[PDB]
Amino acid sequence: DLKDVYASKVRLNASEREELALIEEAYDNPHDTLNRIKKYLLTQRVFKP
Amino acid sequence: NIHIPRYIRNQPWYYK
Amino acid sequence: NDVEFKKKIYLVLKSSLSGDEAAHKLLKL
Amino acid sequence: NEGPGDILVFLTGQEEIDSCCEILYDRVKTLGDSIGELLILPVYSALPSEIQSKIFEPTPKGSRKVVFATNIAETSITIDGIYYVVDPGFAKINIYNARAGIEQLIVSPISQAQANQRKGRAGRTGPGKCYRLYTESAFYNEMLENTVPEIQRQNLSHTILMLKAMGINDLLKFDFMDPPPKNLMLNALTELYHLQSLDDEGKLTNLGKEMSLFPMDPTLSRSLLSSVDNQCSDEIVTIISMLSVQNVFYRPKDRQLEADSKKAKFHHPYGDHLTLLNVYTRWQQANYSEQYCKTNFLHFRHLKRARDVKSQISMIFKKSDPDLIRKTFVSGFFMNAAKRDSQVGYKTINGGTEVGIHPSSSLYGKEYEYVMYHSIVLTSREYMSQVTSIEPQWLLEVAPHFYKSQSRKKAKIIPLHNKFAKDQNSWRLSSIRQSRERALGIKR
Amino acid sequence: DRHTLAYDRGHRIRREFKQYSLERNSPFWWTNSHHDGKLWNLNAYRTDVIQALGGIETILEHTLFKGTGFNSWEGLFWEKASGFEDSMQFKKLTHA
RNA sequence: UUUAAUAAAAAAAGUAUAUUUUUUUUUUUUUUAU
Ligand SMILES: [Mg+2]
Ligand SMILES: [Mg+2]
């Protein structure tokens with residue numbers, strides 16, 4: 001559902017290219033990014049704006 | 001032909 | 001004469017989103 | 001357009017023999033004018049004995065008889081009246097790839113000796129005819145010289161046990177006439193090492209000697225030692241008796257679905273090995289009758305042989321929880337196991353070979369996650385045979401020495417498939433970059 | 001791929017709450033094609049409009065097809081590539 | 001049994017960006033010799 005937003009457009013501002021790069025990385029090494037999610041669900045308590 | 005859509009290849013009922 | 005008549009009846013029948021409206025058009029014919 | 005005499009047509013497989021006999025019968029239905037009658041008889045391996053006996057019939061009324069046969073007419077058969085022979089020069093060889101773990105049934109060209117036996121089968125009466133579709137120089141040069149070895153062909157995991165129990169400390173000390181590649185012999189010795197029959201020093205164990213004393217397969221012999229130790233013997237030995245004999249069920253063309261109903265009446269959903277207990281206990285409850293296994297299509301040759309083997313095993317012993325039975329089989333068959341993968345069906349524990357369940361098995365429509373297979377066949381598709389459900393607790397508690405990440409690290413995932421995208425890599429940022437730089441017309 | 005969609009639970013509400021976190025909305029917030037199918041089909045509408053307007057003859061007597069000199073109307077249908085504007089939409093290019 | 005009928009173009013200055021409804025799944029039952 002994060003990918004589904006970018007199925008349409010080919011003209012992309014830099015924030016969208018950042019999101020697509022993160023999605024493509026998370027598709028390429030899935031165990032590493034899944035381990036990172038497991039770490040953030042345990043020891044992150046201060047978030048960005 | 002490959003190019004024509006399927007809304008043209010279809011004959012209606014009353015041409016049958 | 002038969003095919004073009006079926007086409008006229010079908011196009012009357014196939015607009016007109018109410019049954020009363022198609023009945024109006026066909027009784028107006 | 002030739003003289004009278006029976007014909008022997010050298011064919012390869014049962015489907016091939018059936019299709020050639022059907023095409024020849026359709027041709028004999030076509031040639032309905034001034035052609036001699038062609039009595040047809042097919043000869044296959046698992047054919048019924050009443051239908052295997054029909055090949056030795058008399059000739060037709062002033063006409064020809066034809067036996068479409070496999071390689072059984074090479075050396076172990078003798079048909080009367082044979083004056084013609086048509087040999088295509090092909091057979092099926094069983095090539096055992098040990099490191100892959102499977103055995104292939106591959107069509108192989110005939111050597112000089114098998115072609116010689118086929119040409120000699122033409123003349124059991126007198127002056128016959130041998131037609132083999134080959135040039136003479138091609139039949140001399142392209143064909144193999146002598147018979148290929150059985151030591152290099154089949155699995156040597158059984159005979160290595162006997163030559164180890166004889167006491168030969170070295171493999172080349174035996175010095176066979178045609179030795180196999182030592183990859184195959186080393187893999188067979190590796191399997192026999194893993195079966196806990198060979199010690200770490202390279203000598204046979206005491207239980208290794210006791211299992212080499214058995215005539216069955218060495219994995220089956222390990223299961224025999226387990227059934228002796230765990231006191232669950234008789235049902236285990238009954239399944240081993242049903243295993244060592246060829247497949248019991250018969251599949252006709254007229255009564256296929258009724259035979260499917262009899263198989264569905266027999267089989268136990270816990271596994272396939274337990275269905276053999278159901279069949280054996282049904283034949284013993286029927287007191288080895290003829291009507292019961294004649295209706296249920298169980299072969300009487302194979303059933304009487306299973307009775308003889310079970311009695312033989314109990315005699316050489318002399319001098320119903322499913323869980324204990326299945327664990328006793330884990331003790332033998334921990335090596336050949338499978339993990340059910342959702343994308344590609346089934347992976348092997350050794351090497352990751354994409355295998356499959358055969359539809360003739362009990363476990364085809366159903367699925368269990370971890371299963372062990374008795375045998376495996378390389379063909380158009382892999383097929384596992386005699387497949388039972390198993391639990392990974394048993395595969396650990398039996399064999400903590402074969403095993404106890406990296407595959408999790410090397411894995412990848414791909415999104416769900418859509419039809420409308422026409423290339424399921426075009427969502428990527430690399431593909432958007434490439435499409436942009438192609439539309440602009442640059443080139444890197 | 002149904003065996004990985006056996007695990008997608010809670011999807012009607014997930015699809016509805018995309019209005020609070022996406023600028024470009026979606027009109028079909030109520031159906032989800034993987035879980036629910038194609039609930040509508042409008043292929044026959046395009047056939048009946050061509051009988052409604054009178055056919056390809058009474059459409060093409062309005063158009064400029066007669067001046068082109070194609071042999072047949074069937075050659076109106078191709079995989080037409082845009083060419084210039086496809087090249088030009090990606091360049092560094094002024095607002096105006 | 002009878003009756004209701006809108007519109008209709010010149011000049012000047014503009015305009016962001018993605019928006020979509022469209023075609024079946026591929027699932028085959030066969031193992032040489034005892
Ligand atoms: Mg201005
Ligand atoms: Mg102004």
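**What about the interface of chain A and chain D?**
1) Next: Contacts between the two partners involve twelve residues from chain A and, on the opposite side, ten residues from chain D.
2) Next: Residue assignment for the side of chain A that touches chain D shows that the elements contributing at least two residues are helix 1 (14-28) and helix 2 (30-43) of chain A.
3) Next: Top contributing element to the side of chain A that touches chain D by residue count: helix 1 of chain A, with seven residues.
4) Next: Class assignment of the residues belonging to the side of chain A that touches chain D gives a composition of seven nonpolar, one polar and four charged.

**Things to note about the interface of chain E and chain A**
1) Next: Between chain E and chain A, the residue contacts involve six residues of the former and five residues of the latter.
2) Next: For the side of chain E that touches chain A, the per-class residue count stands at two nonpolar, one polar and three charged.

**Notes on the pairing of strand 3 (residues 64-69) of chain D**
Residues and elements named next belong to chain D.
1) Next: Alignment of strand 1 (residues 6-10) against strand 3, held across four bridges, turns out to be parallel. Across the sheet, the residue bridging to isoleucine 7 is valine 66, located in strand 3.
2) Next: Two elements, strand 2 (residues 38-43) and strand 3, share six bridges in a ladder whose sense is parallel. Residue pairing across strands places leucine 41 opposite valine 67, the latter belonging to strand 3.

**Regarding the packing of helix 11 (residues 233-244) of chain D against helix 15 (residues 300-318) of chain D**
When two helices pack together, their arrangement is captured by the angle between the axes and the distance separating the axes.
Residues and elements named next belong to chain D.
1) Next: Between helix 11 and helix 15, whose axes approach to 8 Å, the crossing angle comes to 135°. Classified by the angle between their axes, helix 11 and helix 15 sit oblique to one another. Considering the relative orientation of helix 11 and helix 15, their crossing is right-handed. Between helix 11 and helix 15, the residues in contact are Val237, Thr238 and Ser241 and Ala306, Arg307, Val309, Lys310, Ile313 and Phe317, respectively.
2) Next: Here the residues of the contact of helix 11 with helix 15 sort into five nonpolar, two polar and two charged.

**Notes on the sheet that holds strand 4 (residues 82-87) of chain D**
Strand pairing in a sheet takes place through backbone hydrogen bonds and is either antiparallel or parallel in direction.
Residue and element names in this part refer to chain D.
1) Next: Here we have five strands laid out as an open sheet, ordered 2-3-1-4-7, and parallel in their pairing. The two strands at the open ends of the sheet, each matched to only one other strand, are strand 2 and strand 7 (129-132). Each adjacent strand pair in this sheet contributes to an overall mean axis angle of 15°, direction not counted.

**Remarks on the environment of D:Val245**
1) Next: Assignment of secondary structure puts D:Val245 in the loop between helix 11 and helix 12 (256-266).
2) Next: Those residues in contact with D:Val245, other than ones at most four positions away along the chain, are D:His302, D:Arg305 and D:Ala306.

**Re the pattern of salt bridges**
1) Next: A:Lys9 serves as the salt-bridge partner of A:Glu16, at 3.6 Å between the closest nitrogen and oxygen.
2) Next: With a shortest N-O distance of 3.3 Å, D:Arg326 and D:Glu391 are connected by a salt bridge. On the criterion of sequence distance, the pair formed by D:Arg326 in helix 16 (residues 322-333) and D:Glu391 in the loop between strand 11 (383-390) and helix 17 (392-398) is long-range, its members being 65 residues apart.
3) Next: Several salt bridges share partner residues, and in doing so they unite A:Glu24, A:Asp28 and D:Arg428 into one network.

**Side note on the packing of aromatic side chains**
1) Next: On the numbers, 5.4 Å between centres and 70° between planes, the contact of A:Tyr27 with D:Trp427 is edge-to-face. Residue A:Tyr27 is found in helix 1, and its partner D:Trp427 is found in the loop between helix 17 and helix 18 (429-439); the two belong to separate chains.
2) Next: Here the aromatic rings of E:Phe28 and E:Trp40 are separated by 5.2 Å at their centres, their planes lie at 20°, and the arrangement is stacked. In this pair, E:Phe28 sits in the loop between helix 1 (12-16) and helix 2 (33-36) while E:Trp40 sits in the loop between helix 2 and helix 3 (44-52), placing the two residues twelve residues apart along the sequence.
3) Next: The structure contains a cluster of three or more aromatic residues connected by ring pairs, namely B:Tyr14, B:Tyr15 and C:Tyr10.

**Points about the environment of E:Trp73**
1) Next: With respect to the secondary-structure elements, E:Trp73 resides in the loop between helix 5 (65-68) and helix 6 (84-88).
2) Next: C-alpha of E:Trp73 to C-alpha of E:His34: the two residues are 39 residues apart in sequence and 38 Å apart in space.
3) Next: Every residue in contact with E:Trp73, bar those within four places of it in the chain, is listed here: B:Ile8, E:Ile56, E:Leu60 and E:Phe65.

**Here's the deal with the pairing of strand 4 of chain D**
It is a general feature of regular strands that their side chains alternate between the two faces of the sheet.
Residue and element names in this part refer to chain D.
1) Next: As paired elements, strand 1 and strand 4 share four bridges and run parallel to each other. When the bridges of strand 4 are listed, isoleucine 7 appears paired with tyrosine 84.
2) Next: Sheet topology places strand 4 next to strand 7; four bridges connect them, and they run parallel. Following the sheet pairing, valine 86 is matched in strand 7 by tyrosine 131.

How each quantity is defined
Residues numbered from 1 in each chain as written, not as in the entry; some residues may be left out. Chains lettered and ligands numbered in written order. Part of a larger assembly, values for the part shown. Heavy atoms only, no water. Residues with missing side-chain atoms left out of burial classes, pairs and counts. Contact = heavy atoms within 4.5 Å. Helix = DSSP H or I, 4+ residues; strand = E, 2+ residues; numbered from the N terminus. Nonpolar A, V, L, I, M, F, W, Y, C, P; charged D, E, K, R; others polar. Pairing = 2+ DSSP bridges. Axes fitted to C-alpha atoms, helices over the stretch in contact; angles between N-to-C directions. Parallel < 35°, antiparallel > 145°, perpendicular 65-115°, else oblique. Left-handed = near helix turned anticlockwise from the far one by under 90°. Salt bridge = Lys/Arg side-chain N within 4 Å of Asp/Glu carboxyl O. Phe/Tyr/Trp six-rings, centres within 6.5 Å; stacked < 30°, edge-to-face > 60°.

By themselves, these figures tell us nothing about what the structure is for.
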